[PDB]
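Colleague: Fold the following for me, if possible:
(9 chains, ligands or ions: 18)
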Amino acid sequence: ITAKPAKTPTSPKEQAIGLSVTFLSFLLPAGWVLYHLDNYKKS
Amino acid sequence: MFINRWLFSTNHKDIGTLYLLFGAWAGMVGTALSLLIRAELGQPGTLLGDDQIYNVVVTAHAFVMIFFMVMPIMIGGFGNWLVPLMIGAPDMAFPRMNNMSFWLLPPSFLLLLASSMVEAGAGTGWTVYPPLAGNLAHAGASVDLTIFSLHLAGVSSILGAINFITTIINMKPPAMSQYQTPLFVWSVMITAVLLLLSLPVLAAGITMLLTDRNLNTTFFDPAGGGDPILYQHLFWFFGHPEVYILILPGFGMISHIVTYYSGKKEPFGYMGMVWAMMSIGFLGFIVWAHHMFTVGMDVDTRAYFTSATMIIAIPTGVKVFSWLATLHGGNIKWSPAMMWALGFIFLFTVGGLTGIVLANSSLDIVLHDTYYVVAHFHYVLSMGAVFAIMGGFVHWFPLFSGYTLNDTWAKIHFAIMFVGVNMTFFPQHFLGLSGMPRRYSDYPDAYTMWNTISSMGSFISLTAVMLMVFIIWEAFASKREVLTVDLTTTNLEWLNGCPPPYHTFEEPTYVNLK
Amino acid sequence: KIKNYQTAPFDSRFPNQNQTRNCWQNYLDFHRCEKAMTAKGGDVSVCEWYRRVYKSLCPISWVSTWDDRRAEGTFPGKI
Amino acid sequence: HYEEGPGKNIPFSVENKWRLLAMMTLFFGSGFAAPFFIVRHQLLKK
Amino acid sequence: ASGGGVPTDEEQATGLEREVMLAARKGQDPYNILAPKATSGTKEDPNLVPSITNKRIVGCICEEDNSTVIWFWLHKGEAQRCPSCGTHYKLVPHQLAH
Amino acid sequence: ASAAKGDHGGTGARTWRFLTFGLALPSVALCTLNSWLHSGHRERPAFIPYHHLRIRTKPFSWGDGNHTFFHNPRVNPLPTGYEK
Amino acid sequence: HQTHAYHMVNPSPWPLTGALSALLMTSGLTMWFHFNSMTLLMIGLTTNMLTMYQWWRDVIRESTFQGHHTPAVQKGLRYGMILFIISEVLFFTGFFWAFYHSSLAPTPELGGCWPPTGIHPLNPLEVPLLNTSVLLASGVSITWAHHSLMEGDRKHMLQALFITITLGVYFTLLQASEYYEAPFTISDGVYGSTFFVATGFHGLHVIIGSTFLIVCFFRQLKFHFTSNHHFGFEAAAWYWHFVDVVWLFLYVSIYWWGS
Amino acid sequence: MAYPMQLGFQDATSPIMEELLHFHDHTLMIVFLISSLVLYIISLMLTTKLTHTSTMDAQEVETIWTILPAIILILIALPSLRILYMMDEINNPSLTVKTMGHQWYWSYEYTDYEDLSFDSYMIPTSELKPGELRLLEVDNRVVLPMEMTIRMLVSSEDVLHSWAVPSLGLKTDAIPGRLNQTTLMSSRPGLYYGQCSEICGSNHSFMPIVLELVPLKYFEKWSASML
Amino acid sequence: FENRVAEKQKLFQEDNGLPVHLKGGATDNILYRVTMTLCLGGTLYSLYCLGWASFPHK
Ligand SMILES: CCCCCCCCCCCCCCCCCC(=O)OCC(COC(=O)CCCCCCCCCCCCCCCCC)OC(=O)CCCCCCCCCCCCCCCCC
Ligand code: HEA
Ligand code: HEA
Ligand SMILES: CCCCC/C=C/C/C=C/C/C=C/C/C=C\CCCC(=O)O[C@H](COC(=O)CCCCCCCCCCCCCCCCC)COP(=O)(O)OCCN
Ligand SMILES: CCCCC/C=C\C/C=C/C/C=C\C/C=C\CCCC(=O)O[C@H](COC(=O)CCCCCCCCCCCCCCCCC)COP(=O)(O)OCCN
Ligand SMILES: CCCCC/C=C/C/C=C/CCCCCCCC(=O)O[C@H](COC(=O)CCCCCCCCCCCCCCC)COP(=O)(O)OCC[N+](C)(C)C
Ligand SMILES: CCCCCC/C=C/CCCCCCCCCC(=O)O[C@H](COC(=O)CCCCCCCCCCCCCCC)COP(=O)(O)OC[C@@H](O)CO
Ligand SMILES: CCCCCC/C=C\CCCCCCCCCC(=O)O[C@H](COC(=O)CCCCCCCCCCCCCCC)COP(=O)(O)OC[C@@H](O)CO
Ligand SMILES: CCCCCC/C=C\CCCCCCCCCC(=O)O[C@H](COC(=O)CCCCCCCCCCCCCCC)COP(=O)(O)OC[C@@H](O)CO
Ligand SMILES: CCCCCCCCCCO[C@@H]1O[C@H](CO)[C@@H](O[C@H]2O[C@H](CO)[C@@H](O)[C@H](O)[C@H]2O)[C@H](O)[C@H]1O
Ligand SMILES: C[C@H](CCC(=O)O)[C@H]1CC[C@H]2[C@@H]3[C@H](O)C[C@@H]4C[C@H](O)CC[C@]4(C)[C@H]3C[C@H](O)[C@]12C
Ligand SMILES: C[C@H](CCC(=O)O)[C@H]1CC[C@H]2[C@@H]3[C@H](O)C[C@@H]4C[C@H](O)CC[C@]4(C)[C@H]3C[C@H](O)[C@]12C
Ligand SMILES: C[C@H](CCC(=O)O)[C@H]1CC[C@H]2[C@@H]3[C@H](O)C[C@@H]4C[C@H](O)CC[C@]4(C)[C@H]3C[C@H](O)[C@]12C
Ligand code: CUA
Ligand SMILES: [Cu+2]
Ligand SMILES: [Mg+2]
Ligand code: NA
Ligand SMILES: [Zn+2]
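Modeller: Numbers count the residues shown, from 1 in each chain, chains lettered A, B, ... in the order given. Ligands and ions are numbered 1, 2, ... in the order given. Pasting the structure now:
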C-alpha cells in the first residue's frame, strides 16, 4: 500500500505523550478501585 | 446534520461504522471483566470476598464478549461495510430496518449492565441453567434483565440475518452467479442462515424461563412435572450453532487475507471452501448434546453425538489445507494482517484438535466442566475470532478511514498479544487434565503454579489492548492518506478509493452474460 | 421364599443411566401389592421384594414426601 | 449532501489530535473502568 | 359474478416503477435490471458499456464458470481491454432515460 | 387423496367463491350446530389439593396475586379450594 | 441520478424510536413483574404502536405514492417475508418440543401418566373442532379474495376479505370463551404451561394476522392495490396460512393426541 | 488428588480410568502428529522465494486430504466407543449408595438394610489439623468397601450440582427429580478427592467429595457406628 | 369510496426537499415531535428507575 506523508506528523515527543496518556487512562481508575478493595469489603 | 447522519442512518457504511465503535467499546468492558477473573485466581485464596460477585463477573464476561463485541464487529461492522462493496450493491436491501438492528444493541447492553447493578447480579454462568437461574436461587430482577437483554440482541441479529440473506441473493449483478461471489460474502450468507434458525429457539427457551420466574409455569421445575434438562436441550440447540456463527465470518476474512498477501488472484479450491462452509453449517445443527455428556442420557445417544461431532473435522480440514495451498508459491508479503492470519491458522488448529478430544463422551466425563474446556474455547474462539478480527481490522482500516496505520507498531502489537494469549491459556490445559473445575473462585493449593502463570499472561495481553488504542490514535493524529492499492482487479471493495464515497455504485457495474 | 438380599439387582426394564422410573415403579408395585393383600386378608410379605428395592434406590426425601401424600390423599399415581 | 473523504466519514472530529486523544481516552477509558465500578458498587451494598 | 374497480399498473403505477415498466415495453433497460449480452470483444467489435458519466466499473467473467470476476474502471475514449483475457470494452455513454 | 369433487381446468375466483359458500361456510355451520348442542356447563371437578397443580412460586403481578388471568370461580379453584 | 432499480431510503427516525420503545417495554415489564408498576409498560406500548404506524405509513407512501417499489424491490420484500415466516416456524418449534418432551415422558410427580392426574382435558370434538373449521374456512375465503383482486373484481375482493376478517374474529372470541371456561390454568403444572403458552402465542398471532388483513381492507377501500402489484395483501395471506397451519399442528398435538 | 506442577490426569484408581488414560495417550499421539504436520507445512510455504501465482488445479489433492482424516477419525472413534459402552454395561453391584446435592454440601444415604444417612461438609481453612488439604477435606467421608462394584445414584434437593471423582473416572450431574446412575469400582484402598463440577451458586468452589475405601469388615463396623 | 390515489402521488412527489416521514403536513411533524418526546421522556424515566433499584430500600 502507498500513502502520502503525514499531513500532521506525530513526532516521538508527541507519541510519548500520547502513549502515556493512553496507558494512564486504563491504569489509574482500575488501580484506584483495586488499591481500595479492602476499604470496600471491610464494611 | 449530525442527527440525520448518525442517529437516522440508511447508509450501510456509517451503520457499519456504528457497529465497529460499539464493538470496540464493549470489548473494553469485556476485557476488564476478564482481568477481574484472573485477579481473583492469580494467587490462592480470595480477593473479591464475595463469590456471587465473581460468578456475576464470569457471566457478564461471556455475554459481553460474545453478543456485544464479536457479533457486532464481524456481522454488523465488517458485514455492513464490505458485503455491498464486494457484490457492487448500492446499499443493503432494507436500509432502514438495518439501522434498528444497530440501535437495539445499546439498550440490549444497558439491560445487561443493569442486571449486575440491581440485587446481587446474575451469577448463573452464560448458560443460565435453571434452577440456579430460577426464582428461588436467583430471586429478583437480575436474571429477568439478563433475559430481556438477550431478547433484544436476538431480535437485532434476526432482522440483520434477513437483510444479509436478501441482499446477497437478490442484489448481485444480474450476470453474476452465486458461485462468482467472494468467500467473505458466502461466509456472511451462511452465518445469517444459522442465526435465522437458531436464535428463535433460544428465544422460545428463555421465554419459558421467564414464565417460570414470573407466571408460575413449570416447564423446567420438577414440582410441576417439568425437567431442567429440557432447557439444556433448547439452549444448546442454539448454542452450538452460535459457536460456528462466531467463527464463520473469521474463516472468510482469513481467506481474503491469506489470498491478498500471497499475491494470488483467488484462493485455492474456491468450490471446496464453499462446500466446507456449507457442510460445517449443516453438521453444526445435529451435534448439540456433546454439551450434555454428563446429564445421564442414553449410551446409544451419547454414541451418536460423539460420532456425528467428529465428522465436522473433515470439512474443517479442507479449509485449513486450502489456506496452506493458497500460500504455496506466493509472493508473500509480511504485513501485520498476514501475521494475524498465520496466527489464526495454527492457533485455531490447536483449539480444534482439543475439540476432537472432547467429542469423545468417554473422555468428556473427566474433562467436562474443567479448565480443559476453558482452554479449548479460548484457543478456538479468542485466538480465532479475535485474531481474525485483528487481521481484518488492520487489512481494511485504510479502506474505512482513508488513513494508514504504522506497520511497525502494528507488528509490535501482534508480538505482545501472541505471547500473552498463549501464556494465559496454554497452562489451563494442565489445570484441566489435573482436575481443576471451572467457575471456581479459589482452587486447592496444588493448582497454584499454573493459575499464577495464567494470570500473569492476562496482564501481557492488557498491554497489547492498551497499545492498540494508541495505535489507532496515532493513525488519526498523523493523517497519512492512502494513494495506491494493489490487487484491485480481484478485490472490488478497494476500487472506489479510500474512503469510498457516501453513495457507491449509484450506477451499477457492467458484467456480461457471454 | 428367596432372599439373602445384598442390593437391588440389574433390571432390563430400566437399563439406562436414568433410574428415576425404577425407584417409582417399585414404589407403586409395593403399595399396590400391599393394598391388594390387606383387603384379601393375605400375606403382606409377598410384597416384601418391592419394598426392599424401592428403599435401596429411592431417596429418603422422595419416599418421605410420597408417604405423606398417601396420608394426605394427594398422591398422583394409581394405587 | 454529507461531507466526503478522509476524516469526514466518522461521527467524531479528527481535526485536532489532542482533542481526539482526550475523547479516545474518555471513550475506551470509561468502558474499561465500568466493571471495576460495578464490582465496587456491589461490594458497598453488602 | 363479474365487475371491475381495481386499477391496472398502466393506469396507476408511478415514479421509478413506471419508468421501469414503460422502458421494458420498448425493449430497453435503462435501470440495469437485465444481464447485458456480450459481443465478440475484438477491437472492431467491442463490448459497448453504456454510462451516465465518463466512467463505469466493468467486471469480466473471462471464461464462463470462473469463480473470480476481474474488476476495472472503463473510461471514456479508446476501447480498453480486460487485464486478464484482453476482451475489448468501449464506453458508449449517455442519456439512457426517455 | 383428491377429496371427491372434480374441476382443475379453470381456477377462477368464481370457483373459490363457489367453495367459500358451497363447502367452507356450511362446514362452519354444521360444526357450530354441533357445538351449540353439546354445550352446557359441565359437572365441575372435585377439589383434591394436589401439589403438582395450582403452583405458586411467585404471586401474580396483578390482583391479590393468587388469581390467574382468566380465573373463573365456577371451575378454577385457588390452592386452598373453591371460592364462594 | 441513480441507474439501478433499488430504493435508497430517506433518513428515518423510526428505527431509533423502535429501539427505544423496545427498551421501555422490556424495562417496563421488569418494573411490572417485580416493583409492581405499569407506567413504563404503558408508555413503551404507546411509543411502539406509534413507531409501527409511522414506519408502515412511510412504506405505503414510498410504494403506492412515490413509486419506488420496482420489480427488483418487490423480489426483495418476498424473500424478506418468507425468511421472517421461517424464523417464526422455528420459534413455535421450541414450544412443540417442550410439549412433546413433557407429554411423551410424564414424570412421577404428575402420576407418570398423560394427561396428569388432576387435569380434565377439553374435548377436541366440541369447540376446538369448530375453531378448526373456522380457520380452514378463512383459508378458502382469503384465496377467493386473492383471485378476485387478480381479476380486478373490487366488490368481491372486499367481500371475501370481510368474510375472512370475521372468521378470524369469531376464532378469537371462541378461544377467549374457552380460555375463560377452562377448568385448568397456566399454573396447573406443565400441562397448563404447555397449553396456555403455545395456544397463547398462537392466539396473539391470529390477532396480528387479523390486524394485518384489516389494514389490507382499508387500503383496498382506498384503491391502493392494482391487479398485479399488491404485496401487502400477499404477505398478509401467507401470514394467515402460517397461522392456519400452526393451529392444525396445535390441534393435532395438544388437543387430540394429548387428551 | 492433584499434586503440584502436574501436567496430565490423576493416577488411575478404577479400571475404567486406566482404560481412558491409554485412550487419551492414543488420541494425543494423533493430535501431536497433526499439529506437527500443519506447523512443518506452514514454515515450508513461507521459506522460499520461488513462486507460482497462476491458477492451480485443485481436486487430485483434495481426495488425499478428505479420505485420510476420515480414516484417522475411525481410528479414534472405535476405541472411544468401546470404552463408552463398557462404562455403561450390566454391572451386578454388591451395594447401592445415594448422594444428594444441596447448597452447599453433599448428603449420603446407605439404605439397602438400615436407614443410614449423613451430611458431608467442607472443613474450614481455619479448622484444618496440620497436614490436611485446603478446600478438599470433608468432615464426614464417604466410606466404601474396596474391590467391590458399587451402584452410585446421584440427585439434588435444590439446584444442579455434579458429583465427580477424577481419580476414579466419574462425573454425574445431580438433577432434582432425577435419579442418575453410575458405577464405582476402586482397585485399592485410600483417600480419593473430587469437587462439585457444576455451578450451584456462591459456594460452588467449597463443597467437595472424599471417598475412603477400606475393606468390607471395616466398612460394616463403620456403617453401624453411624446410625 | 372513490380513488384519490393520484392526488396523493402528486403531493408526495412534490420536490420540496422534505423526508418522506414529514411530507404529509403539520400532522406528520406533530405526531413525530410527540413520538420522539415520549421516547426520550420514558428513557430518562427508565434510567432513573434503574438508579432507584440499584441500591436497596429499608
Ligand atoms: C507456558 C508454560 C509451559 C510449561 C511446560 C513445562 C513442562 C515441565 C515438565 C517436566 C517434564 C516431566 C515429565 C513427566 C511426564 C508426565 C506428564 C503426563 O502424564 O502426560 C500429559 C502431558 C503430555 O504432554 C506433554 O508432555 C507436555 C506438552 C508440552 C508441549 C510443548 C509446548 C511448550 C511451549 C509453551 C510456552 C508458551 C508459549 C508458546 C505456546 C505454543 C502453543 C503450543 O500433557 C498434555 O497432555 C498437554 C495437552 C496439550 C494439548 C495441546 C496440543 C498442542 C500442540 C502444540 C505442539 C507445538 C510444537 C512445539 C513448538 C513450540 C514453539 C512454538
Ligand atoms: C469459535 C468457537 C468454537 C469453534 C469453532 C469450536 C469447534 C469445535 N468444538 Fe468447541 N466449544 C466452544 C467454542 C468453539 N468450538 C465453546 C464456547 C464451548 C463451551 C461452551 C461452554 O460450556 O461455555 C465449546 C465446547 C465443546 C465441547 C463440550 C465440552 C464440555 O462442555 O464438556 C465439545 C465436545 O465435543 C466441543 C467440540 C468441538 C469440535 C469437534 C469442534 C470442531 O469444529 C473443531 C474442528 C477443527 C479441527 C479438528 C482442526 C482443523 C482440522 C484438521 C487439521 C483436519 C485433520 C484433523 C483430525 C483428523 C482430527 N466443543
Ligand atoms: C469471544 C469470546 C471471549 C473472549 C474474547 C474471551 C477473552 C478472555 N477470556 Fe473468557 N470466556 C468466554 C468467552 C470469551 N473470553 C466464555 C463464553 C466463558 C465461559 C463463561 C462461563 O463459565 O459461564 C469464558 C470464561 C473465562 C474464564 C473462566 C472463568 C471461570 O471458569 O471461573 C477465564 C479465566 O481466565 C477467561 C479468561 C479470558 C481472558 C484472559 C481473555 C482475554 O484477556 C484474552 C485476550 C483478548 C482480548 C483482550 C480482546 C481484545 C480485542 C478487542 C478488545 C477487540 C478490539 C476491536 C476492534 C479494534 C474493532 N474466560
Ligand atoms: C353465533 C354464531 C354465528 C356465526 C358467526 C360467524 C359468521 C361468519 C360468516 C358470515 C356469513 C356472511 C355472509 C355474507 C352475506 C351475504 C352475501 C350476499 C352477497 C352475494 O352476492 O352472495 C350471494 C350468495 O350468498 C350466499 O349464498 C350466502 C350463503 C351462506 C351459507 C351458510 C350456510 C347455510 C345453512 C344451510 C347449510 C347446512 C347443510 C349443508 C350440508 C351439505 C354439506 C356439503 C351470491 O349470489 P349471486 O346471484 O351469485 O350474486 C352475484 C352478484 N355479485
Ligand atoms: C385470545 C387470547 C389472546 C391472548 C390475549 C391475552 C394476553 C396477551 C399475552 C400476550 C403474550 C403471549 C403469551 C405470553 C405468555 C403467556 C400468556 C398465555 C396466554 C393466556 O392468556 O393464558 C391465560 C393466562 O395468562 C396469563 O397468565 C396472563 C399473562 C399476561 C401477561 C403477558 C406475559 C408477558 C410475557 C411476554 C414475553 C415476551 C416474549 C416475546 C419475545 C419476542 C421475540 C424475541 C390462561 O388463563 P388462566 O386463568 O391461566 O387459565 C384459564 C382458566 N379459565
Ligand atoms: C492428514 C493428511 C493431510 C494430507 C496432506 C497432503 C499433501 C499432498 C501433497 C502432494 C504434493 C505432491 C504432488 C506431485 C504430483 C505432480 C503434480 C504437480 O504439482 O505438477 C504441476 C501440475 O499443475 C497443477 O495442477 C497445479 C500445481 C499445484 C498442485 C498442487 C497444489 C497443492 C500442493 C499442496 C500445497 C501444500 C499443502 C499440503 C497439504 C497439507 C505442474 O505445473 P503446471 O503444469 O501448472 O505448469 C507447467 C506447464 N507445463 C506443463 C505446460 C509446461
Ligand atoms: C388490537 C391491536 C393489537 C396489535 C398488536 C401488534 C400489532 C401488529 C401489527 C400487524 C401487522 C400490520 C402490518 C401492516 C404493514 C403495512 C405496510 C405495507 O403493506 O407495505 C407494502 C409493502 O409490504 C411490506 O413492506 C411488508 C410488511 C409486512 C410486515 C410483517 C408484519 C407482521 C409482523 C408483526 C410482528 C409479529 C411479532 C410476533 C412477536 C412474538 C406496500 O407495498 P404494496 O402493498 O406492494 O403496495 C404498493 C401499491 O400500492 C402500488 O401498486
Ligand atoms: C417484550 C418485547 C421484546 C422485544 C420485541 C420488540 C422489538 C422491536 C420493536 C418493534 C418495532 C417494530 C417497528 C416496525 C419494523 C418493521 C420493519 C419492516 O417493515 O421492514 C421491511 C423490510 O423487511 C421485511 O419486509 C420483512 C421483515 C418483517 C419483520 C417486521 C418487524 C418485526 C419485528 C419483531 C421481530 C420478531 C421476531 C420473531 C421471532 C422470535 C421494510 O424495510 P425498510 O428498510 O424499512 O424499507 C425499505 C424500503 O425499500 C421500503 O419502501
Ligand atoms: C424432522 C425429521 C428429521 C429426522 C430426525 C428425527 C428427529 C426427531 C423426530 C423424533 C421424535 C420422536 C421420537 C420418538 C421416540 C420416543 C421419544 C422419547 O420418549 O424420548 C424422550 C423425549 O423425546 C422427545 O420428546 C423429542 C422431541 C423432539 C425434539 C427433536 C429436535 C429437532 C427439532 C428441529 C426441527 C426443525 C424444524 C422442522 C419444521 C417442520 C427422552 O428420553 P426418555 O424416553 O424420556 O428416557 C426414558 C428413561 O429415562 C426412563 O427409564
Ligand atoms: C487490572 C488492571 C490494573 C492493574 C494495574 C494497575 C497499575 C496501578 C496503577 C496505579 O494507579 C494508582 O496507584 C496508587 C497506588 O500507588 C493509588 O494511590 C493510592 O496510594 C497512595 C499511597 O500509596 C496515595 O498517595 C493515594 O492517595 C492513594 O489513593 C491510586 O489510587 C491508583 O490510581
Ligand atoms: C355461490 C355458489 C355459486 C354461484 C355462482 O357463481 O353461480 C352457489 C351455487 C349453489 C349454491 C348453494 C345451493 O343453492 C344450496 C344452498 C341454498 C341456500 O339458500 C344457501 C346455501 C346453499 C349451500 C347455496 C349457497 C350458494 O348460493 C351456492 C354455493
Ligand atoms: C461437484 C462440486 C461442485 C463443483 C462445480 O460445480 O464446479 C465439488 C465442489 C467440492 C467437491 C467436494 C470437495 O472437493 C471435497 C471432497 C473431495 C473428494 O475428493 C471427493 C468428494 C468431495 C466431497 C468433493 C465432491 C465434489 O467434487 C465437490 C462437492
Ligand atoms: C357500498 C360499498 C362500495 C365501496 C366502493 O365500491 O368503493 C360496498 C362495496 C363492498 C361492501 C362491503 C362488502 O360487501 C363486505 C361487507 C358486506 C356486508 O353486507 C356489509 C358490510 C361490508 C363491509 C360491505 C360494506 C360496503 O357496503 C361495501 C364497502
Ligand atoms: Cu454444588 Cu457446584
Ligand atoms: Cu457444541
Ligand atoms: Mg456441566
Ligand atoms: Na481466588
Ligand atoms: Zn476477462
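Colleague: okay, CA-based contacts and neighbour counts for the rest of this
Modeller: OK.
Colleague: so what's the residue nearest to the spatial centre of chain D up against?
Modeller: Chain D has residue D:27 as the residue nearest its centroid, 1.0 Å off, counting by CA atoms, centre = their mean. Under the criterion of CA atoms under 8 Å, 6 or more residues apart in numbering or on different chains, the neighbours of residue D:27 are residue B:25.
Colleague: now swap in residue B:199 and tell me
Modeller: Residue B:199 makes contacts with B:154, B:158, B:238, as judged by CA under 8 Å, 6+ apart.
Colleague: How many residues are close by the residue of chain E found nearest chain C?
Modeller: When scored by CA to the nearest CA, chain E has residue E:67 as its residue closest to chain C, at 52.2 Å. Around residue E:67 there are 19 other residues, counting by other CA atoms under 10 Å in any protein chain shown.
Colleague: show me what contacts it?
Modeller: B:179-181, B:270.
Colleague: Is the helix ranked longest in chain B positioned near ligand 8?
Modeller: Longest helix in chain B by number of residues (criterion: DSSP state H): helix B:228-261. No. Helix B:228-261 stays clear of ligand 8 (CA under 6 Å from any ligand atom), getting no nearer than 12.9 Å.
Colleague: Could you export the next helix or strand after that helix as CSV, keeping only the C-alpha atoms?
Modeller: Once helix B:228-261 ends, the next helix or strand along the chain (criterion: DSSP states H and E) is helix B:270-283. This file holds the C-alpha atoms of helix B:270-283, laid out as CSV (Å, rounded to 0.1, in the frame of the first residue of the first chain):
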residue,chain,number,x,y,z
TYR,B,270,-12.9,-21.9,-4.2
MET,B,271,-15.7,-24.5,-4.5
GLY,B,272,-14.2,-26.7,-1.8
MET,B,273,-14.3,-23.6,0.5
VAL,B,274,-18.0,-23.1,-0.3
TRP,B,275,-18.6,-26.8,0.3
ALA,B,276,-16.6,-26.7,3.6
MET,B,277,-18.6,-23.8,5.0
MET,B,278,-22.0,-25.3,4.0
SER,B,279,-21.1,-28.7,5.5
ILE,B,280,-19.9,-27.1,8.7
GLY,B,281,-23.1,-25.1,8.8
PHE,B,282,-25.3,-28.2,8.4
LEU,B,283,-23.5,-30.5,10.7
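Colleague: who's in contact with the helix or strand harbouring residue H:172?
Modeller: Assigned by DSSP H and E, residue H:172 belongs to strand H:170-174. Here strand H:170-174 makes contact (CA under 8 Å, 6+ apart) with B:294-296, B:365-366, H:100-101, H:154-156, H:160-165, H:180-182, H:184, H:197-198.
Colleague: Keep only those of the residues you listed that are in helices.
Modeller: Among the contacts of strand H:170-174, the residues falling in helices (DSSP H) are B:365-366.
Colleague: Can you say which of the contacts of strand H:170-174 are buried?
Modeller: Among those, the ones that count as buried by 16 or more other CA atoms under 10 Å in any protein chain shown are B:294-296, B:365-366, H:100-101, H:154-156, H:160-165, H:180-182, H:184, H:197-198.
Colleague: Among the residues you listed, name the ones in strands.
Modeller: H:100-101, H:154-156, H:161-165, H:180-182, H:184 (DSSP state E).
Colleague: Near chain C, list only the ones from the residues you listed.
Modeller: Counting by CA under 8 Å from any CA of the partner chain, H:180-182 from these sit close to chain C.
Colleague: With distance to residue C:4 added, can I get those in JSON lines?
Modeller: Putting those into JSON lines (distance: CA to CA, whole Å) gives the following:
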{"residue": "H:180", "distance to residue C:4": "26"}
{"residue": "H:181", "distance to residue C:4": "23"}
{"residue": "H:182", "distance to residue C:4": "24"}
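Colleague: nearest to chain A, of those residues?
Modeller: Proximity of these to chain A (CA to the nearest CA) peaks at residue H:180, which lies at 40.4 Å.
Colleague: Just grab the bridge partners of that closest one for me.
Modeller: residue C:18, residue H:154 (DSSP bridges).
Colleague: ok, the residue of chain A found nearest ligand 13 to ligand 18 distance?
Modeller: Evaluated by CA to the nearest ligand atom, chain A has residue A:1 as its residue closest to ligand 13, separated by 66.0 Å. Remark: distance between residue A:1 and ligand 18 (CA to the ion, to the nearest Å) = 25 Å.
Colleague: same check, this time on residue B:423
Modeller: From residue B:423 to ligand 18 the distance is 49 Å (CA to the ion).
Colleague: which residue sits closest to that residue, ignoring its sequence neighbours?
Modeller: Counting by CA to CA, 6 or more residues apart in numbering or on different chains, residue B:457 is the residue found nearest to residue B:423 once chain neighbours are left out, at 4.8 Å.
Colleague: element containing that neighbour, please.
Modeller: Following DSSP H and E, one finds residue B:457 within helix B:448-478.
Colleague: And that helix, what does it pack against?
Modeller: Helix B:448-478 sits against helix A:12-35, helix B:12-40, helix B:407-425, helix B:428-433, helix D:17-45, with contacts defined as 3 or more CA pairs under 8 Å, 6 or more residues apart in numbering or on different chains; DSSP states H and E.
Colleague: Please see if it touches ligand 3.
Modeller: Yes. Contact of helix B:448-478 with ligand 3 (CA under 6 Å from any ligand atom) involves B:458, B:461, B:465.
Colleague: so the residue nearest to residue B:423 makes contact with residue B:418?
Modeller: No. The pair residue B:457 / residue B:418 is not scored as a contact, 10.2 Å apart, by CA atoms under 8 Å.
Colleague: Mind checking which of those two has more residues around it?
Modeller: Between residue B:457 and residue B:418, counting by other CA under 10 Å, residue B:457 is the more crowded of the two (21 against 18).
Colleague: that older thread, would you mind identifying the next helix or strand past the helix holding residue B:457?
Modeller: Once the chain leaves helix B:448-478, the next helix or strand it forms, by DSSP H and E, is strand B:482-484.
Colleague: Need the residues that contact that following strand.
Modeller: Applying CA under 8 Å, 6+ apart, the contact partners of strand B:482-484 are A:1-4, B:398, B:402-404, B:498.
Colleague: Apply 6 Å and report the result again.
Modeller: Residues from elsewhere that reach strand B:482-484, judged by CA atoms under 6 Å, 6 or more residues apart in numbering or on different chains: A:2-3, B:402-403.
Colleague: Which one of the ones in strands among the buried ones among the contacts of strand H:170-174 is nearest to chain B?
Modeller: Checking these against chain B by CA to the nearest CA gives residue H:180 as the nearest, at 6.1 Å.
Colleague: just checking, that closest one touches residue C:18?
Modeller: Yes. If you go by CA atoms under 6 Å, residue H:180 and residue C:18 touch, sitting 4.9 Å apart.
Colleague: distance of the residue in chain D that ligand 11 sits nearest to from residue B:6?
Modeller: Using CA to the nearest ligand atom, residue D:1 is the residue of chain D that sits closest to ligand 11, at 58.5 Å. Distance, residue D:1 to residue B:6, by CA to CA, to the nearest Å: 14 Å.
Colleague: Could you check which of these two has the larger neighbour count?
Modeller: The neighbour comparison of residue D:1 against residue B:6 (other CA under 10 Å) goes to residue B:6, with 18 against 5.
Colleague: any idea how far residue B:154 is from the more buried one?
Modeller: Remark: distance between residue B:6 and residue B:154 (CA to CA) = 23 Å.
Colleague: Residue H:89 now?
Modeller: Distance from residue H:89 to residue B:154, counting by CA to CA: 43 Å.
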